[PDB]
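Enquirer: Dropping a structure here in structure tokens format, bear with me for questions.
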Amino acid sequence: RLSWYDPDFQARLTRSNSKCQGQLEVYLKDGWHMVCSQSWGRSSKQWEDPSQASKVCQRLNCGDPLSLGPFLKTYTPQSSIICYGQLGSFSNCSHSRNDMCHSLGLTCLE
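Its first residue numbered 1, the sequence shown is counted upward by one per residue in mature numbering (1 follows the signal peptide of the UniProt record, and there is no 0).
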């Protein structure tokens, strides 16, 4: 129903320090929500493929994705969400009602 690949899909990297390097904030029906790096059954450790987020970096007019994984620990049990299913699908995600939520970060080139 919703994927980060859709042209209708809206996302931003949180202010943080650089607009091409921050926490992944995505647009849901409700509104903007941060993604927790415990989503899609993935663990809070840097996985080997950041390229799946090239389209996201493109949406923010940034360059190629350098890294994609747990970027710091912001903690906001309401704004941060956890999706279940297939990596990339944001089809009705759940709130991070857990005692170990980590921030998902995307680093795109300038």
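We put the CB at the ideal spot given by N, CA and C, even for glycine.
Go ahead and pull the three-state DSSP assignment for residue 21.
Expert: Mapped onto the sequence shown, residue 21 falls at position 21. Strand, per DSSP.
Enquirer: If we require 4 or more residues per run, which alpha helix (DSSP H) segments fall completely within the region 12 to 66?
Expert: Listed in chain order, the complete alpha helix (DSSP H) runs (minimum 4 residues) inside the region 12 to 66 are 54 to 59.
Enquirer: Just how far apart, CA to CA, sit residue 21 and residue 35?
Expert: On the sequence shown, position 21 is the one that residue 21 refers to. On the sequence shown, position 35 is the one that residue 35 refers to. So the two alpha carbons sit approximately 14 Å from each other.
Enquirer: For residue 5, collect the residues of the same chain with a Cβ closer than 7 Å to its Cβ; drop the 5 residues on either side in sequence, then sort them by chain order.
Expert: Position 5 of the sequence shown, counting from 1, holds the residue named residue 5. These residues qualify, in order along the chain: 55 and 88.
Enquirer: Just reading off the beta strand (DSSP E) that residue 85 is part of, what are its end residues?
Expert: Indexing the sequence shown from 1 puts residue 85 at position 85. Residue 85 -> no beta strand (DSSP E), and no H or E assigned at all.
Enquirer: What does the alpha-carbon distance come out to for the pair residue 28 and residue 92?
Expert: Along the sequence shown, read from residue 1 onward, the residue named residue 28 stands at position 28. Along the sequence shown, read from residue 1 onward, the residue named residue 92 stands at position 92. Rounded to whole angstroms, residue 28 to residue 92 spans 8 Å at the Cα level.
Enquirer: Note down the Cα distance separating residue 11 from residue 59, rounded to an integer number of angstroms.
Expert: The count along the sequence shown starts at 1 and reaches residue 11 at position 11. The count along the sequence shown starts at 1 and reaches residue 59 at position 59. Near 8 Å, if we compare the C-alpha coordinates of residue 59 and residue 11.
Enquirer: Quick one: residues in its chain with C-beta nearer than 6 Å to the C-beta of residue 67, no 5 flanking neighbours on either side, listed in chain order?
Expert: Counting from one through the sequence shown, the residue named residue 67 turns up at place 67. Counting only Cβ-Cβ distances below 6 Å, and skipping sequence neighbours, we find 50 and 107.
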